[PDB]
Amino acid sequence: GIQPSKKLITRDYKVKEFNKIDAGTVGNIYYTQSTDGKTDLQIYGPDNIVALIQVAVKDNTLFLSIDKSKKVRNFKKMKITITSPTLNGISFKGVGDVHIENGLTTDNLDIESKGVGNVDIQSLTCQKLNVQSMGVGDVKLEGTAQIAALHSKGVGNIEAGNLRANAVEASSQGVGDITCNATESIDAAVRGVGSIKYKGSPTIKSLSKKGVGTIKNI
């Protein structure tokens, strides 16, 4: 297919403000919560590969898409850098890893991973967290939540042992484990191949083992 050019560029897209990301691209994504009220989108890589990404903001959502019929020899060097003052949702349906390396403070965060790649969120501070992992890859979470709903359905692990939550709702239906941390309550259901491990001494627990694996307090 398309031979990536030797001219490595950064394309800056002055997009409208958004609080949600919906991406069907190839390449790693790095999200930063802005501290100066700015919204920005930068795409780094070979100029003829960067040119394949279509960008639009609609209903407070940043949509990143590609012409799926386009053959590319390789997607090496592709880096998508996203920044906005707020973030409430990530819907990922491409190939690559999604990062929040330096924190996110939000009320509600909804993570929907339906692609090939990992999700790694560090220093998260939220009220409600909802994770639906449905693709191939791991979802790594660190920080705090009042409520954390962790639902794994694809192939991979939810690594949320360092995500301190008061109430946890965990269900494992694919292939992989859920590691979590519940200080007050835990509703855990094993329904696939894999186990649910939880830190803490929750007052209320509701456990259901209906697959291949176990529920263990660690």
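Throughout, we count residues from 1 along the sequence that is shown.
With 125-133 and 70-78 compared on mean CA B-factor from the PDB entry, the stretch scoring higher is 70-78. In this crystal structure, the stretch out of 57-65 and 148-156 whose C-alpha atoms carry the higher mean B factor is 57-65. Ranking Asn48, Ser171, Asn28, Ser34 by Cα temperature factor from the entry places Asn48 first. When the CA B factors of the chain's modelled residues are split into thirds, the value for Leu52 lands in the highest one. In the PDB entry, a CA B factor belonging to the middle third of its chain's modelled residues is recorded for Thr83. Ranked against the other modelled residues of its chain, the C-alpha B-factor of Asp97 as given in the entry falls in the lowest third. In the deposited entry, the Cα temperature factor of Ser91 sits in the bottom third of values across the chain's modelled residues.
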